[PDB]
Each structure stands twice: as structure tokens, then as C-alpha cells.
Amino acid sequence: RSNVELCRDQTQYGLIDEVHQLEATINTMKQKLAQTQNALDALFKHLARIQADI
Amino acid sequence: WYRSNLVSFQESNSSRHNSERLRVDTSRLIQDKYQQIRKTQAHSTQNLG
Amino acid sequence: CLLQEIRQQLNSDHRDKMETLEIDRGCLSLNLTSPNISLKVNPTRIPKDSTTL
Amino acid sequence: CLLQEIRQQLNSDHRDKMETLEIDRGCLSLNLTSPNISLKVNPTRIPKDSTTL
Amino acid sequence: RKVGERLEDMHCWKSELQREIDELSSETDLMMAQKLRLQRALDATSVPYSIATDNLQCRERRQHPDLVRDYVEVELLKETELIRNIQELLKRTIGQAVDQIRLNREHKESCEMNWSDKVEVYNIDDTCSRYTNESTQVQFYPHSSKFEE
Amino acid sequence: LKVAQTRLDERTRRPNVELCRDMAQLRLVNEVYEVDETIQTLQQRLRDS
Amino acid sequence: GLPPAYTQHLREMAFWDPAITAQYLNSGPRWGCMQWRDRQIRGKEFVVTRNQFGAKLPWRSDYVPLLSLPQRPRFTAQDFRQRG
Amino acid sequence: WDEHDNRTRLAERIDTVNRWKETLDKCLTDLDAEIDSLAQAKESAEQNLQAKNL
């Protein structure tokens, strides 16, 4: 900013807040992706069993 | 194929917008500079007289 | 002489605030789909003087 | 096609009026103590086309 | 084994470019300080010129049968000339300084963006490398040519 | 700029006393510097184009 | 009818600044910084003069030869859409 | 909407800075006028002093 006009305002705090919230969100999406994949795999196993029975 | 064509059209539109806004600002700049230079010259000549 | 130093200090302060003006207005103008944007090292860092309001 | 001739004649009128603009602006610009001021021939002349408002 | 080799190779460059950006920032701060010092010196420059002008006026203020020209006026002229020359010298020097500032900041930005890119690629590589045959995140797709672009 | 320079230079010949700090030398440096930075900005816009 | 900085300089006593003129009338120059250059990247826009102000616009000299764009503000005499 | 809030904060900060700017500008202009007046006063006093020997 400047020599002495380098001031810490509420905007700084807010930016750090959105940062942290965003990493939390990223963790949440990875978590949800995991169970999505698990459910898909279970469906595949079911279908294979059904086809063999057919 | 659909991905690539979408990307191409997006590139085209972006180029269009950039070109047009550049046109606008340059147009503005020309006349404002011209007029201020004219006034500055005239004042000088009059006071020398 | 006193008024002279007053003048020079006022000029210094004015230039400081104007620099701040162009900086933060550039920050405002910048938005998504920007050319020079990138992830950055420790934006969470602290300044070294840390002047208050 | 109709819109084409409309646009071209309007552009012609545009250039005409802008010319008038700078002419009158210079007419306001000059004043006493000018270098280019000089006695001219027949100020009392009348224009030939003789148009009105 | 091959994946692990590639990963460590990436990590190396990550480290040194980290440190490199760091010292660039430090040096930029140093030139900030020196530029401000030059600005302060230029601020201090002004007064003696006014003092010399006033002294010349005072010496001019003299009576008829006593007024001469000697070292005083000549050296005062030398003072004034030196003052003015120092002024434009300082102006030009600080101009070149700010230009150097611009160049340094541009180079900082470029190296920073490349560092960023290696950061994300390294992170995704590490995250993907944890895969095993029996675990999840295991999907069938068709092949493609951007696979081989 | 060329014309402004030509106007500025000659007043050096003014021999002894009519040598003056004047409107002309006050205005001309400002005008010249303004036009220089103007041309440089024009060059900036041109390379953008 | 003359700026006080000019009037001060046209006086005997030396008080004027060691600079060209007064400066509050001026702008970014006289050792401004933070010059924002746009690297040309195919894929992203090319926004220039990121000093975007918001300020008094005389909407007077406004002939763009072809502004067939979501632009030309204030009046447009335009349609909305046809969807689809 | 967190992004929107940050934008609003930035705008209000800009407004405060510019009003302070114009305040200091008018102050500087007044300063210049006063300096010139004091100058003329000083030379006038000096010439009055010079006349004190006849």
C-alpha cells in the first residue's frame, strides 16, 4: 500500500474468513464424492449378480 | 466436439467485446486531448500579444 | 519557513492517499475471468508495520 | 435497403453539424490581441446560396 | 515406483522457487525504503536556496558610497547553481528507481504464477496417488485421444 | 512540440535587461512536458491496439 | 486571473517547490506506481485501464460505427429476446 | 453473497478516501493564497524600512 498507509481493516479479516470457509467447503465436497462413488459401485455389483442369475 | 465448438464461440465473443470497448475509449481520448491542446496554445499567443 | 514545511508535508500526505486510491480502485475493477489472477503464496501473511485505523 | 440510405444521409448531416460546431467554437475562441486578425475584402458580401433557418 | 519418482522430482522445484520469490519480496522492500530515503532528502533540499536568495537581496540592500562585488556574491551564485543541479539530478535518479520497481514487480508476478501452477499440479498428483485397486473412486470410462494429446 | 520549442529558444538573444522571467518560459515547460507524456500515452494505447 | 502557484513563482523571494508546477491539480504522474499491464492470453478477455472509476460521463460524443453489442447504455431502443 | 458484501465494503472505503482528498486539496489552495499574501507583505515592509534614512 504505502510506507505508513499500510493499514489492517475489516476487509482483511473478511477475506481470511472466506478463505477458511472455502477450504472447509472443499473438504465437504470430497467427502460427498466418496459416498457417491461407493453407491455407484454397489449398484454395479447388484447388476452383475442380476445378469448372472438371468 | 461440442466442448471445442463452445470454446471457439466463447473466444470469438470475448474478442468482439474487447475490440469494441477499446474502440470507445480511444475515440474519447482523441477529441479530449485535441481540444485541451488548442486552448493551451491560444492562451499563450494572446498573452504574448 | 514554518509554512514551507507545512506545505511539503501536506503534499506528501496527498500523494500517499492518491496512490491508495488508484490501488484500491484497480482492485475493485478486477473481477472474475481475469488474466493475471493465480493462486498465491501465504496471502494469509501479516504486514510488517501493521498500522491501525 | 431503405434503412441503408437513411443511415448514410443521417451520417452526412452529422458531419455537417459537427463542422459547424468547431467553426462556431473558434469564432468564440478568438478575441482582441490576436496575430491572425487582419482587414479583409468586402465584409459586406452576401452569401450566394442564401439559405435560412 | 515411477509415480513416486516423478512426485519427488516436482517437490524439488517447488521448494527452490518458494524461496526465490521470498528473497525477491525482501529486496523489493529494501528498494522501497531507499526510495523513501531519497524522497526525504529531496524534501530537505529546498531551504538553503531560499536562504541564499534572501541573503543576496539583503546584500543588495546597501547605500551608495559603499557597495562592491566580491567572494560573497560569486560564492552565493555557486551555491545556487549547485543547489539547482542537485535538484534535477535527484529527480532523474528517482525516476529510474521507480522504473526499476516496475520491472521487479512484473518479474515477481510471473514467477509467482508459475509457482502457483506447480503447487496445484503437485497437490492433485499427491491426492490421486493414494489410489488402490480395492478401494472406491474406481470408475469405467471410454478411451480418448486427449488421453494422448 | 517543434513549434513551441522554436518559440521558446530565441529569447536568449535578449541582450542585457529585457532578459526576463516571463509568461512564456513559465507556460512553455509545462506545455512541453504535457505533450511529451501525451505522446507516450498514445504509444501505450497503440501497442495495446 | 491566475493560479496562486503561478503567482507565487512570479515573485522575487524563492519559495516554490523543486518541481515543475503545483500538483494537487495533477494526477497519477510525479512518481506514481503500480502500473497494471495485461498479459495477452487467448481464452480470457483483455480488459484495459482497470482504473474503472464511475464518474460524470457526458454522453455526447458517442458515435461508434458498429456497437451492435449488449452496450450503448442509457437509451437503446432494443428488443429483449426470442428465447428458444 | 459473501463476495457481494466484500465489494460493498470496498466501495464505501473508496468514498471516505476521496472526500478526505478533496478536503486536503482545498486546504492546500488556501495555503498557497496565504503564502503569496505574506510574501507581498514582507517585501512591502522591507521597502518601508529602506526609506528610514533620509
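By convention in this text, residue numbers begin from 1 on each chain and track the written sequence, not necessarily the entry numbering, and residues missing coordinates are not displayed. Lettering for chains starts from A, numbering for ligands starts from 1, and both go in the order in which the items are written. These chains belong to a larger assembly; all numbers given describe just the chains displayed. Computation of side-chain values: all heavy atoms of the structure, hydrogens and water removed.

The record lists cryo-EM as the method behind this PDB entry and 6.5 Å as its resolution.

In the annotation of the PDB entry, chain B is listed under the name Tektin-3 and assigned to Mus musculus. This deposition appears in the PDB under the title "In situ structure of axonemal doublet microtubules in mouse sperm with 48-nm repeat".

Under the PDB entry, chain A has the name Tektin-2 and belongs to Mus musculus.

(A) The overall build of chain B, seen in detail. Secondary structure assignment for chain B yields one helix and zero strands. When the backbone C-alpha atoms are referred to their principal axes, chain B occupies close to 75 × 10 × 5 Å. We call a residue buried when its accessible area falls under 20% of the maximum for its residue type, exposed when it is over 50%, and partly exposed in between, using a 1.4 Å probe and counting protein chains only. Classification of the 49 residues of chain B by burial places 16% in the buried group. Only carbon and sulfur atoms are counted for the fraction: they give 62% of the accessible area of chain B, which is about 3600 Å². For the purposes of this entry, the term helix denotes a DSSP run of H or I that reaches at least four residues, the term strand denotes a run of E that reaches at least two, and both are numbered from the N terminus. Every accessible area reported is derived by Shrake-Rupley at a probe size of 1.4 Å, with residue values counting cover from the shown protein chains alone.

(B) Just the interface of chain C and chain G, in detail. Listed by partner, the interface residues are 16 residues for chain C and 17 residues for chain G. Of the roughly 1500 Å² buried between chain C and chain G, counting both surfaces, carbon and sulfur atoms make up 59%. Salt bridges are identified by distance alone: a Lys or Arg side-chain nitrogen within 4 Å of an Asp or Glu carboxyl oxygen. Connecting chain C to chain G are zero salt bridges. Pairs of N or O atoms within 3.5 Å make up the polar contacts considered here, provided that, within protein, one atom can donate a hydrogen while the other can accept it, and that residues adjacent in sequence are counted only when both atoms are side-chain atoms. Linking chain C with chain G are seven residue pairs in polar contact. Tallied by class, residues from the side of chain C that touches chain G come to five nonpolar, eight polar and three charged. The contact criterion used is simple: two residues touch if any of their non-hydrogen atoms lie within 4.5 Å. Here's the idea: put two parts together, see how much 1.4 Å probe accessible area each one loses, and the total over both is what we call buried area. Under this grouping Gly is polar, as are all residues other than the nonpolar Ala, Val, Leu, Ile, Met, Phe, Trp, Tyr, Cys and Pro and the charged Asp, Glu, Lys and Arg.

(C) Inspection of helix α1 (residues 2–45) of chain E at higher detail. Expected helix span is taken as 1.5 Å per residue step, with the number of steps being one fewer than the number of residues. The terminal C-alpha atoms of α1(E) lie 66 Å apart, and with 44 residues this matches the ideal 64 Å at 1.5 Å per residue to within 8%. For α1(E), the set of buried residues is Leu7(E), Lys14(E), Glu20(E), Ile21(E), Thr28(E), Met31(E), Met32(E), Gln39(E), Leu42(E) and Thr45(E).

(D) Broad picture of a negative patch on the surface. Patch criteria: residues need more than 30% relative accessible area and no salt bridge. Like-charged residues are merged within 9 Å; nonpolar side chains of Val, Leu, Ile, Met, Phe, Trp and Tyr are merged within 5 Å. For the purpose of counting charges, residues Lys and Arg are taken to be positive, whereas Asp and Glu are taken to be negative. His and the chain ends are not included. Charge placement uses NZ in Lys and CZ in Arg. For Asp and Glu, CG and CD serve respectively. Negative charge collects at one region of the surface, where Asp13(D), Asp16(D), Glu19(D), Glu22(D) and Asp24(D) lie side by side. Along the chain, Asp16(D) falls in helix α1 (residues 2–29).

(E) Just the nonpolar core, in detail. Core analysis: the biggest nonpolar cluster contains five residues, these being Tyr24(G), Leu24(H), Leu28(H), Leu31(H) and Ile35(H). Among residues more than four places away in sequence, those in contact with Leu24(H) are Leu10(C), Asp13(C), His14(C) and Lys17(C). Put simply, a nonpolar core is a bunch of buried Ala, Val, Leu, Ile, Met, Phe, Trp, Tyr and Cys residues held in one set by side-chain atoms that sit within 4.5 Å of each other.

(F) Broad picture of the environment of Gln78(G). Here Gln78(G) is to be found in the segment after α1 (4–9). Considered as a pair, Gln78(G) and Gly1(G) are 77 residues apart in the sequence and their alpha carbons are 49 Å apart.

(G) Main features of the pattern of salt bridges. Summed over the entire model, instances satisfying the criterion amount to 18 salt bridges over all chains. Across the pair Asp32(H) and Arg7(C) runs a salt bridge whose closest N-O atoms are separated by 3.9 Å. Linking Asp32(H) in helix α1 (residues 2–50) with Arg7(C) in helix α1 (residues 2–29), this pair reaches from one chain into another. A relative accessible area of 5% places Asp32(H) in the buried class. With a closest N to O distance of 3.3 Å, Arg61(E) and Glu60(E) form a salt bridge.

(H) The arrangement of the packing of helix α1 (residues 2–48) of chain B against helix α2 (residues 23–48) of chain F in detail. Here an angle of 0 to 180 degrees is reported between the N-to-C directions of two axes, which are lines fitted to C-alpha atoms, with helices fitted over the stretch in contact. Two numbers describe how α1(B) lies on α2(F): the axes approach to 11 Å, and their chain directions differ by 165 degrees. Compared by their axis directions, α1(B) and α2(F) come out roughly antiparallel. Between α1(B) and α2(F) lies a crossing whose hand is left-handed. Across the interface between the two elements, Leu22(B), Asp25(B), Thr26(B), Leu29(B), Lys33(B), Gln36(B), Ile37(B), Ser44(B), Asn47(B) and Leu48(B) of α1(B) pack against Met23(F), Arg27(F), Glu34(F), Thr38(F), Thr41(F), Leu42(F) and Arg45(F) of α2(F). Here the contact of α1(B) with α2(F) is composed, by residue class, of six nonpolar, six polar and five charged. Any angle that falls under 35 degrees is termed roughly parallel, while one over 145 is termed roughly antiparallel, one within 65 to 115 roughly perpendicular, and all others oblique. By definition, turning the near helix anticlockwise from the far helix through less than a right angle yields a left-handed crossing, and turning it clockwise yields a right-handed one.

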